[PDB]
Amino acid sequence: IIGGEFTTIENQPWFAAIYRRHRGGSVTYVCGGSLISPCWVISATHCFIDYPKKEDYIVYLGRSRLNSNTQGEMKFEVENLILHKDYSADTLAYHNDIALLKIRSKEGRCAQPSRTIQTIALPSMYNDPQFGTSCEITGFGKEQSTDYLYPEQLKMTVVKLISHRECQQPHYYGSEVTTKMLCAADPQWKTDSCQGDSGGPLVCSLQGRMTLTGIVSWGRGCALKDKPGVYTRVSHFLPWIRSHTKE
């Protein structure tokens, strides 16, 4: 997250932290996700596609820091890793960039909701706020494009939803943005999701409900002039979601 502010997991209790084991045994952060029910985290396929084996992954919930423990945190194994059958990666964009991780502890348990661990609500189908609505993004992603490291402390910032017509203008991304995607950016282009933020929540308050509007998916650099961040448009994947979660 470029710019924005530091935060803690109480702000964003559904934020999931996803890591990948190695052979040598060392563990690296992969991507964020969002806890949509006690057993299910949602995230982005492009995060997993290159190492798609479930046993490689660890999910923490309740976590405010990247590489040190947070009191009250819970650690999960990945019981099922569901990647979208229609994923594609093109010269720019990822399509159908959505993934579900079924989590279960060494104890055989899903999450237990706490002050630091809560679920976030799914939108109503095909229902999204108006362009210019201000929404929040959260992640352990880079603070600057050129950084070599990720921040140890969770961040968030606010961005505004962009109209399709605006995003699909050749000035911006053109054809690359589809109806299954949302754009969002800061008016001065000074705050944004970046590398390591993928799969995390775009949360808007539609009505009075904090609602999971998007999943951080792609964009050219970060906090860059005419280059918004692009997010999977969750309200266009409900059937995929529920079908893969009714189980």
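One rule holds for the numbers: they count along the sequence shown, beginning at 1.
- On average the C-alpha atoms of 22 to 30 have higher B-factors than those of the other stretch, with 43 to 51 and 22 to 30 being the two compared.
- Two stretches are in play, 178 to 186 and 195 to 203, and the higher mean C-alpha B-factor belongs to 178 to 186.
- Out of 128, 143, 152, 136, the entry records its largest CA B-factor for 128.
- When the C-alpha B-factors of 156, 101, 98, 110 are ranked from the entry, the top spot goes to 110.
- Residue 209: CA B factor lies in the highest third for its chain, per the PDB record.
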